[PDB]
């Protein structure tokens, strides 16, 4: 496959990136170094992951080593929910830039549509356990994102975990200056997202699929939960193609015109997951994988479900 997709800001984005949520800080520097050495050119980051400094050490070393040029990398980060404040967005972006050792990001996302009360805590709670909202809405936060483009801090802006009506709100914003380039959402065979993906694609927004392996290391995993990697129907498709189940799970979103960001800190898996450019799933394979949808989500959070902008009450 062509390795990059054209965004609506005119830049090209690698369709395969390395995820970094849960990558331990003592392992992620090596993971990113290995990833760049074996061909990855896109790293997905976030301030809330608490490991951007260590990701940045790797990026900077590989730039210094001249393994890659900065223009060949595509570095993504995300604005956390406690920084949806006009006066906090720039500083949040600049902290991420300082940690990652960069003078611009290729793409900066609103991590979740919901703003939370600013402060030290990433999830400020009331005494009954509900998140404490911010009064600032997705339109004013979007305007703040647009300023980052105009100041040279970021080349593209986008959104993450926005539902259909939230994307529409952004697109219908009075005075909209820059459209979102990307909507990054959970997507895999058990949460296939056909409706939201067609909506976004019809509007020229590129969709990035997160948790493509079903996030087996999520901290809230339970025994009885479904397991993509162990699903014998997916294993059978993989065997037919002489590939691993993970490789099928990565190739699947690629053939839907999605970007995909599997996470690993295991060097052998980082390499395995990149070897997805020399086979094709058939249309029948694709439709069969889509048939496994069960509307199952890795990422959801009870403490945030009353926030007025919590995204998963809407059907899509």
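Positions refer to the first chain, counted from 1.
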*Which wins on mean Cα temperature factor, 116-124 or 238-246?*
238-246
*Between 220-228 and 143-151, which has the larger average Cα B-factor in the PDB entry?*
220-228
*In terms of CA temperature factor as recorded, identify the highest of 194, 85, 186, 103.*
85
*Based on the PDB record, which member of 97, 81, 182, 138 exhibits the highest Cα temperature factor?*
138
*Within this chain's modelled residues, let me know which third the CA B factor of residue 39 belongs to: lowest, middle or highest.*
middle
*Looking at the C-alpha B-factor of residue 163, is it in the lowest, middle or highest third of its chain?*
middle
*In terms of the CA temperature factor given in the entry, to which third of its chain does residue 54 belong: lowest, middle or highest?*
lowest
*Please place residue 296 in the lowest, middle or highest third of its chain by C-alpha B factor as given in the entry.*
highest
_Relative C-alpha B-factor of residue 263, binned into the chain's lowest, middle or highest third_ = lowest
